[PDB]
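**Q** Have a peek at run_11.cif (mmCIF, N, CA, C and O atoms and all ligand atoms).
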```
data_input
#
loop_
_atom_site.label_atom_id
_atom_site.label_comp_id
_atom_site.auth_asym_id
_atom_site.auth_seq_id
_atom_site.Cartn_x
_atom_site.Cartn_y
_atom_site.Cartn_z
N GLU A 197 -7.32 -8.24 -18.91
CA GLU A 197 -7.98 -7.88 -17.66
C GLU A 197 -7.03 -7.04 -16.82
O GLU A 197 -5.81 -7.25 -16.82
N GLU A 198 -7.60 -6.09 -16.08
CA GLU A 198 -6.84 -5.20 -15.22
C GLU A 198 -7.63 -4.94 -13.95
O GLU A 198 -8.85 -4.79 -13.99
N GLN A 199 -6.92 -4.90 -12.82
CA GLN A 199 -7.55 -4.65 -11.53
C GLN A 199 -6.51 -4.12 -10.57
O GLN A 199 -5.37 -4.60 -10.54
N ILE A 200 -6.90 -3.11 -9.78
CA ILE A 200 -6.02 -2.52 -8.78
C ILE A 200 -6.87 -2.03 -7.62
O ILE A 200 -8.02 -1.62 -7.80
N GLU A 201 -6.30 -2.09 -6.42
CA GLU A 201 -6.97 -1.65 -5.21
C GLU A 201 -5.97 -0.97 -4.30
O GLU A 201 -4.78 -1.32 -4.27
N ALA A 202 -6.45 0.02 -3.54
CA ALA A 202 -5.59 0.76 -2.62
C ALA A 202 -6.41 1.17 -1.41
O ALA A 202 -7.50 1.73 -1.55
N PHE A 203 -5.88 0.90 -0.21
CA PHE A 203 -6.52 1.26 1.04
C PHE A 203 -5.55 2.08 1.89
O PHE A 203 -4.34 1.85 1.88
N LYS A 204 -6.11 3.05 2.62
CA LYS A 204 -5.32 3.89 3.52
C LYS A 204 -6.13 4.19 4.77
O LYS A 204 -7.35 4.38 4.70
N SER A 205 -5.45 4.23 5.91
CA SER A 205 -6.10 4.51 7.19
C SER A 205 -5.11 5.21 8.11
O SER A 205 -3.98 4.74 8.28
N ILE A 206 -5.54 6.33 8.69
CA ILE A 206 -4.71 7.13 9.58
C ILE A 206 -5.56 7.60 10.75
O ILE A 206 -6.69 8.07 10.56
N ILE A 207 -5.02 7.48 11.96
CA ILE A 207 -5.70 7.93 13.17
C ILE A 207 -4.69 8.68 14.04
O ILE A 207 -3.52 8.29 14.12
N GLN A 208 -5.14 9.77 14.66
CA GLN A 208 -4.27 10.61 15.47
C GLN A 208 -5.01 11.03 16.74
O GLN A 208 -6.19 11.39 16.68
N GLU A 209 -4.31 10.97 17.87
CA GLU A 209 -4.87 11.36 19.16
C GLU A 209 -3.79 12.02 20.00
O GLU A 209 -2.61 11.69 19.88
N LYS A 210 -4.20 12.96 20.85
CA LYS A 210 -3.27 13.68 21.71
C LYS A 210 -4.00 14.09 22.99
O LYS A 210 -4.91 14.93 22.94
N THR A 211 -3.61 13.50 24.11
CA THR A 211 -4.19 13.80 25.41
C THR A 211 -3.42 14.96 26.06
O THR A 211 -2.34 15.35 25.62
N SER A 212 -4.00 15.51 27.13
CA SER A 212 -3.37 16.57 27.90
C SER A 212 -4.09 16.70 29.24
O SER A 212 -5.31 16.66 29.30
N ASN A 213 -3.30 16.86 30.30
CA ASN A 213 -3.82 17.04 31.65
C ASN A 213 -2.84 17.91 32.42
O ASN A 213 -1.63 17.81 32.24
N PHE A 214 -3.38 18.78 33.29
CA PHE A 214 -2.54 19.75 34.00
C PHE A 214 -3.21 20.06 35.34
O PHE A 214 -4.10 20.91 35.40
N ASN A 215 -2.77 19.38 36.39
CA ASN A 215 -3.27 19.65 37.73
C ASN A 215 -2.63 20.91 38.30
O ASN A 215 -1.63 21.42 37.79
N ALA A 216 -3.23 21.42 39.38
CA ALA A 216 -2.64 22.51 40.15
C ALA A 216 -3.24 22.45 41.56
O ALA A 216 -4.38 22.86 41.77
N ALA A 217 -2.46 21.94 42.51
CA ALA A 217 -2.88 21.80 43.90
C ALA A 217 -1.92 22.58 44.79
O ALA A 217 -0.81 22.11 45.07
N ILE A 218 -2.34 23.76 45.23
CA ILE A 218 -1.53 24.63 46.07
C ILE A 218 -2.43 25.26 47.13
O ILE A 218 -3.46 25.85 46.80
N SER A 219 -2.03 25.14 48.39
CA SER A 219 -2.81 25.66 49.51
C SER A 219 -1.91 26.46 50.43
O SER A 219 -0.73 26.16 50.60
N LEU A 220 -2.49 27.50 51.04
CA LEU A 220 -1.77 28.38 51.95
C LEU A 220 -2.49 28.40 53.30
O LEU A 220 -3.71 28.59 53.35
N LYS A 221 -1.73 28.19 54.37
CA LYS A 221 -2.28 28.21 55.72
C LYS A 221 -1.21 28.70 56.67
O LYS A 221 -0.13 28.10 56.76
N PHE A 222 -1.50 29.79 57.39
CA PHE A 222 -0.53 30.39 58.30
C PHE A 222 -1.24 30.85 59.57
O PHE A 222 -2.32 31.45 59.51
N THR A 223 -0.61 30.58 60.71
CA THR A 223 -1.12 31.00 62.01
C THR A 223 0.04 31.21 62.97
O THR A 223 0.69 30.24 63.38
N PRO A 224 0.33 32.46 63.37
CA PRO A 224 1.41 32.75 64.31
C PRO A 224 1.01 32.49 65.76
O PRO A 224 -0.18 32.45 66.09
N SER A 242 -4.68 38.25 67.96
CA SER A 242 -4.68 36.99 67.22
C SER A 242 -4.60 37.24 65.71
O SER A 242 -5.08 38.26 65.22
N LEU A 243 -3.99 36.30 64.99
CA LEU A 243 -3.84 36.40 63.55
C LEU A 243 -3.99 35.02 62.94
O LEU A 243 -3.53 34.02 63.50
N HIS A 244 -4.65 34.96 61.78
CA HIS A 244 -4.90 33.70 61.10
C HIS A 244 -4.90 33.93 59.60
O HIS A 244 -5.27 35.01 59.12
N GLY A 245 -4.49 32.91 58.85
CA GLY A 245 -4.47 32.97 57.41
C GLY A 245 -4.68 31.62 56.75
O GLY A 245 -4.07 30.63 57.17
N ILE B 304 10.67 -15.13 -68.99
CA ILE B 304 10.71 -15.69 -67.64
C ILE B 304 9.40 -15.39 -66.91
O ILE B 304 8.81 -16.27 -66.28
N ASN B 305 8.92 -14.15 -66.99
CA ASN B 305 7.69 -13.79 -66.31
C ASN B 305 6.48 -14.48 -66.93
O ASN B 305 5.50 -14.77 -66.22
N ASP B 306 6.52 -14.76 -68.24
CA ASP B 306 5.39 -15.42 -68.88
C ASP B 306 5.35 -16.91 -68.59
O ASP B 306 4.26 -17.48 -68.46
N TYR B 307 6.51 -17.56 -68.48
CA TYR B 307 6.56 -19.01 -68.33
C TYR B 307 7.15 -19.48 -67.01
O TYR B 307 7.30 -20.69 -66.81
N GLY B 308 7.49 -18.56 -66.11
CA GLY B 308 7.95 -18.94 -64.79
C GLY B 308 9.46 -19.12 -64.71
O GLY B 308 10.15 -19.27 -65.72
N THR B 309 9.96 -19.11 -63.48
CA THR B 309 11.38 -19.33 -63.23
C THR B 309 11.73 -20.80 -63.08
O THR B 309 12.91 -21.16 -63.18
N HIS B 310 10.75 -21.67 -62.84
CA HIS B 310 10.98 -23.09 -62.65
C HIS B 310 9.83 -23.88 -63.25
O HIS B 310 8.78 -23.32 -63.59
N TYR B 311 10.03 -25.19 -63.37
CA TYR B 311 9.00 -26.09 -63.86
C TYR B 311 8.99 -27.34 -62.99
O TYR B 311 9.94 -27.63 -62.26
N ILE B 312 7.89 -28.08 -63.07
CA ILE B 312 7.66 -29.24 -62.21
C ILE B 312 8.26 -30.48 -62.87
O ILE B 312 7.99 -30.77 -64.04
N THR B 313 9.08 -31.21 -62.11
CA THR B 313 9.66 -32.46 -62.57
C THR B 313 9.03 -33.69 -61.91
O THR B 313 9.09 -34.77 -62.50
N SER B 314 8.45 -33.54 -60.73
CA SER B 314 7.80 -34.63 -60.01
C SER B 314 7.08 -34.02 -58.81
O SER B 314 7.21 -32.83 -58.53
N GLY B 315 6.32 -34.86 -58.11
CA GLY B 315 5.63 -34.40 -56.92
C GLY B 315 4.45 -35.30 -56.61
O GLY B 315 4.36 -36.42 -57.10
N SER B 316 3.56 -34.78 -55.77
CA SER B 316 2.37 -35.49 -55.33
C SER B 316 1.16 -34.58 -55.46
O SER B 316 1.21 -33.42 -55.04
N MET B 317 0.08 -35.10 -56.04
CA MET B 317 -1.15 -34.35 -56.26
C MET B 317 -2.19 -34.62 -55.19
O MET B 317 -3.40 -34.60 -55.47
N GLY B 318 -1.76 -34.87 -53.95
CA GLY B 318 -2.69 -35.15 -52.87
C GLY B 318 -3.07 -33.92 -52.07
O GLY B 318 -2.43 -32.87 -52.14
N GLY B 319 -4.15 -34.06 -51.30
CA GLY B 319 -4.61 -32.97 -50.47
C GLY B 319 -3.76 -32.77 -49.23
O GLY B 319 -3.00 -33.65 -48.81
N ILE B 320 -3.90 -31.59 -48.62
CA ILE B 320 -3.14 -31.22 -47.44
C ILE B 320 -4.09 -30.62 -46.41
O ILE B 320 -4.97 -29.82 -46.75
N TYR B 321 -3.90 -31.01 -45.15
CA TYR B 321 -4.69 -30.49 -44.03
C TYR B 321 -3.72 -30.13 -42.91
O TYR B 321 -3.14 -31.02 -42.28
N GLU B 322 -3.55 -28.83 -42.67
CA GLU B 322 -2.63 -28.33 -41.65
C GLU B 322 -3.43 -27.56 -40.61
O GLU B 322 -4.02 -26.53 -40.93
N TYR B 323 -3.43 -28.06 -39.38
CA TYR B 323 -4.13 -27.43 -38.27
C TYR B 323 -3.12 -26.91 -37.26
O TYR B 323 -2.16 -27.60 -36.91
N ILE B 324 -3.35 -25.68 -36.78
CA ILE B 324 -2.47 -25.03 -35.82
C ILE B 324 -3.33 -24.43 -34.72
O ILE B 324 -4.33 -23.77 -35.00
N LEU B 325 -2.94 -24.67 -33.46
CA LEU B 325 -3.65 -24.16 -32.29
C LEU B 325 -2.63 -23.47 -31.39
O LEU B 325 -2.07 -24.10 -30.48
N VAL B 326 -2.40 -22.19 -31.62
CA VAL B 326 -1.46 -21.40 -30.83
C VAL B 326 -2.23 -20.71 -29.72
O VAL B 326 -3.18 -19.97 -29.98
N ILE B 327 -1.81 -20.94 -28.48
CA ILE B 327 -2.45 -20.36 -27.30
C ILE B 327 -1.37 -19.78 -26.41
O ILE B 327 -0.40 -20.46 -26.07
N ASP B 328 -1.53 -18.51 -26.03
CA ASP B 328 -0.59 -17.82 -25.16
C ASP B 328 -1.36 -17.21 -23.99
O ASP B 328 -2.36 -16.51 -24.19
N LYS B 329 -0.89 -17.48 -22.77
CA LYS B 329 -1.52 -16.97 -21.56
C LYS B 329 -0.45 -16.48 -20.60
O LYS B 329 0.55 -17.17 -20.38
N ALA B 330 -0.66 -15.29 -20.04
CA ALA B 330 0.29 -14.70 -19.10
C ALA B 330 -0.48 -14.04 -17.96
O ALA B 330 -1.55 -13.47 -18.18
N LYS B 331 0.07 -14.12 -16.76
CA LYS B 331 -0.55 -13.53 -15.58
C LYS B 331 0.54 -13.06 -14.63
O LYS B 331 1.44 -13.83 -14.29
N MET B 332 0.44 -11.80 -14.20
CA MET B 332 1.40 -11.21 -13.28
C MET B 332 0.66 -10.45 -12.19
O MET B 332 -0.19 -9.60 -12.49
N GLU B 333 0.97 -10.76 -10.94
CA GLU B 333 0.32 -10.14 -9.79
C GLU B 333 1.38 -9.63 -8.83
O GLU B 333 2.42 -10.26 -8.63
N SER B 334 1.11 -8.47 -8.23
CA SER B 334 2.01 -7.86 -7.26
C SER B 334 1.19 -7.11 -6.23
O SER B 334 0.40 -6.24 -6.58
N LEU B 335 1.39 -7.46 -4.96
CA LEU B 335 0.65 -6.85 -3.86
C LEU B 335 1.63 -6.28 -2.84
O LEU B 335 2.62 -6.93 -2.49
N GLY B 336 1.35 -5.07 -2.37
CA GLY B 336 2.21 -4.43 -1.39
C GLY B 336 1.45 -3.68 -0.32
O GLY B 336 0.67 -2.77 -0.62
N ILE B 337 1.67 -4.05 0.94
CA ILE B 337 1.00 -3.44 2.08
C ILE B 337 2.05 -2.95 3.06
O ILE B 337 3.00 -3.67 3.37
N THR B 338 1.89 -1.71 3.53
CA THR B 338 2.83 -1.11 4.47
C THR B 338 2.05 -0.29 5.49
O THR B 338 1.28 0.60 5.11
N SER B 339 2.26 -0.58 6.77
CA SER B 339 1.59 0.12 7.85
C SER B 339 2.58 0.36 8.98
O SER B 339 3.36 -0.53 9.33
N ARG B 340 2.54 1.57 9.55
CA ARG B 340 3.44 1.95 10.63
C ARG B 340 2.70 2.80 11.64
O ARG B 340 1.96 3.72 11.27
N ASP B 341 2.90 2.50 12.92
CA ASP B 341 2.26 3.21 14.02
C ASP B 341 3.30 3.61 15.05
O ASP B 341 4.22 2.84 15.35
N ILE B 342 3.16 4.82 15.59
CA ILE B 342 4.07 5.34 16.60
C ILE B 342 3.23 6.00 17.70
O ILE B 342 2.13 6.50 17.45
N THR B 343 3.76 5.98 18.92
CA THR B 343 3.05 6.54 20.07
C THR B 343 4.06 7.11 21.05
O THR B 343 5.07 6.45 21.36
N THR B 344 3.79 8.32 21.54
CA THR B 344 4.64 8.99 22.52
C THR B 344 3.76 9.53 23.63
O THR B 344 2.73 10.15 23.37
N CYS B 345 4.17 9.29 24.88
CA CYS B 345 3.39 9.70 26.04
C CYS B 345 4.34 10.07 27.16
O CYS B 345 5.17 9.24 27.56
N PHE B 346 4.24 11.30 27.66
CA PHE B 346 5.15 11.77 28.69
C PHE B 346 4.47 12.85 29.53
O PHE B 346 3.82 13.74 28.98
N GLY B 347 4.63 12.76 30.84
CA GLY B 347 4.05 13.73 31.75
C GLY B 347 4.97 14.01 32.91
O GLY B 347 5.83 13.20 33.26
N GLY B 348 4.79 15.18 33.52
CA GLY B 348 5.62 15.59 34.63
C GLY B 348 4.88 16.32 35.73
O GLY B 348 4.05 17.19 35.46
N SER B 349 5.18 15.97 36.98
CA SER B 349 4.55 16.58 38.15
C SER B 349 5.63 17.07 39.10
O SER B 349 6.54 16.31 39.46
N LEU B 350 5.53 18.33 39.52
CA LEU B 350 6.48 18.92 40.45
C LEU B 350 5.72 19.77 41.46
O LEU B 350 5.01 20.70 41.08
N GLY B 351 5.88 19.45 42.74
CA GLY B 351 5.22 20.20 43.79
C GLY B 351 6.13 20.50 44.97
O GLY B 351 6.87 19.62 45.43
N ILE B 352 6.09 21.74 45.46
CA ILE B 352 6.94 22.18 46.55
C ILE B 352 6.09 22.99 47.52
O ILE B 352 5.51 24.01 47.13
N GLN B 353 6.03 22.56 48.78
CA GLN B 353 5.27 23.25 49.81
C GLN B 353 6.03 23.18 51.12
O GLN B 353 6.50 22.11 51.52
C1 LIG C 401 -3.27 14.76 37.96
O1 LIG C 401 -2.40 13.86 38.66
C2 LIG C 401 -2.66 12.47 38.43
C3 LIG C 401 -1.74 11.69 39.35
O2 LIG C 401 -0.41 12.19 39.29
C4 LIG C 401 -2.45 12.15 36.96
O3 LIG C 401 -2.72 10.77 36.73
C5 LIG C 401 -3.36 13.02 36.10
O4 LIG C 401 -3.08 12.80 34.72
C6 LIG C 401 -3.17 14.50 36.44
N1 LIG C 401 -4.05 15.36 35.64
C7 LIG C 401 -5.40 15.42 35.62
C8 LIG C 401 -6.15 14.50 36.54
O5 LIG C 401 -5.98 16.20 34.88
#
```
Starting from the file, lay out its structure as structure tokens.

**A**
Amino acid sequence: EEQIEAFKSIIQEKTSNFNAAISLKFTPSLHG
Amino acid sequence: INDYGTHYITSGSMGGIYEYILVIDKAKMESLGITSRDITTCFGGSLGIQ
């Protein structure tokens, strides 16, 4: 009698996030 | 010699013979191997200047 078994499992994940919060406000009539 | 043999009978027993033999051989070999490895890397950076 002969018997053999083989199991394999692989999982891959890669997150990514990139904020950008930049504001401009200027007032010395003139306004910005 | 070939016609009359190399030896002759001087004595013995004329009875029956019963020889029983029960040879049994059994072998079993098992080998199991499991290997699992997991890795995780997580890194982030925030830089703000105003
Ligand atoms: C934005 O900033 C927050 C807090 O620092 C962070 O958790 C997030 O991963 C960033 N990126 C996004 C929301 O896409």

**Q** Based on only C-alpha atoms, which of the residues in chain B come within 9 Å of chain A? I want them as a list in words.

**A** residues 337, 339, 345, 347, 349, 351, 352 and 353 of chain B

**Q** At most 7 Å from (-2.7, -7.6, -17.0), file frame, only C-alpha atoms: which residues, as a PyMOL selection string?

**A** (chain A and resi 197-198) or (chain B and resi 331-332)

**Q** Select, from B:313, B:328, B:348, B:334, the residue with the minimum atom-to-atom distance to ligand LIG 401 (chain C), counting all atoms listed in the file.

**A**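 The closest residue to ligand LIG 401 (chain C) is B:348.
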
**Q** Which distance in Å separates atom CA of residue 221 of chain A and atom CA of residue 350 of chain B, to one decimal?

**A**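 Separation of atom CA of residue 221 of chain A and atom CA of residue 350 of chain B: 19.9 Å.
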
**Q** If the box runs along x, y and z of the file and leaves 3 Å on each side of segment 323-339 of chain B, what are its centre and edge lengths in Å, one decimal, as JSON?

**A**
```
{"center_x": -0.5, "center_y": -13.7, "center_z": -15.0, "size_x": 13.7, "size_y": 34.7, "size_z": 54.7}
```

**Q** If you measure from atom O of residue 346 of chain B to atom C4 of ligand LIG 401 (chain C), what distance in Å do you get, rounded to one decimal?

**A**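 Between atom O of residue 346 of chain B and atom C4 of ligand LIG 401 (chain C) the gap is 10.3 Å.
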
**Q** Between atom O3 of ligand LIG 401 (chain C) and atom O of residue 344 of chain B, measure the distance and give it in Å to one decimal.

**A**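 Atom-to-atom, atom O3 of ligand LIG 401 (chain C) and atom O of residue 344 of chain B are spaced 14.4 Å apart.
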